[PDB]
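The chain below stands alone and is given in structure tokens; this is the form solved without this ligand.
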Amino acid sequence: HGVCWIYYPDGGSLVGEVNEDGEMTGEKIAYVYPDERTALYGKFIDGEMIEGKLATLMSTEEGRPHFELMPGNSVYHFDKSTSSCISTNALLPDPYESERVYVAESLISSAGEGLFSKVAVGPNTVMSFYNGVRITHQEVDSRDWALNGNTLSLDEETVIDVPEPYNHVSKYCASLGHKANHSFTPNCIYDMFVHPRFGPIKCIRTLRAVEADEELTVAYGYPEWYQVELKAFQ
């Protein structure tokens, strides 16, 4: 009858009072990220974010959360990608990701840019989000492989991709998961994540403790560069 909290397996959650229909609808609903501190507070309808403003979960009393809005005017809303549209605001960064990772030249030779941690964190920490356009496995497997550098399977029916133009931070920085390079001794894994803005996607989660400024890597789990590194690793 009072405040309800719906946690997702990934650690994120929706919190607020449910209307007479038992649905997350109102101007005071919020999505709280896995750090249980960063939140998007505002207008939600049936659990879907219409207008969320960056805020901080200051504390909770008997399940009732106390939020404090962060200075600024950036607004966020459910903006699930389509087969051709990656985002309504490609240059609006995700606030949780912004405080945890950054892009820089990779430490891996001839590997282009990489993703690095901004902070020291422990095992199982969500660090970045892998958002992108949604296409079928047939389109990916049928088309020229040279176009599958940023493809990541989401589930049995969808593959996420960050198409050429958008692989440049100057054109797209809403999420940065596609910047993590491959390693056979990775410190992260791709994991399912229910994002309030991106919807069902995958995230980059640490497998263990990582230090500030350490490069984040994941095992792609499969190109020539990969074969070369595999032989070297072996």
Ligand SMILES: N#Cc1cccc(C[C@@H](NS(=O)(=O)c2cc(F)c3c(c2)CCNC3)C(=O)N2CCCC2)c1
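The first residue of the sequence shown is number 1, and the count goes up from there.
From this point on, the text means the form deposited with this ligand bound, which you will not see here.
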Okay, which stretch from 118-126, 67-75, 92-100, 132-140 lines this ligand in the deposited complex, with non-hydrogen atoms inside 4.5 Å? 132-140
Does the trio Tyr7, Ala30 and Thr38 actually contact this ligand in the deposited complex, every residue with a heavy atom within 4.5 Å? no
Using a 4.5 Å heavy atom cut-off, state whether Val159 contacts this ligand in the deposited complex. yes
Does this ligand get within 4.5 angstroms of any non-hydrogen atom of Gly221 in the deposited complex? yes
Are any of the heavy atoms in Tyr172 no more than 4.5 Å from a heavy atom of this ligand in the deposited complex? no
Is there a heavy atom of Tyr190 lying 4.5 Å or less from a heavy atom of this ligand in the deposited complex? yes
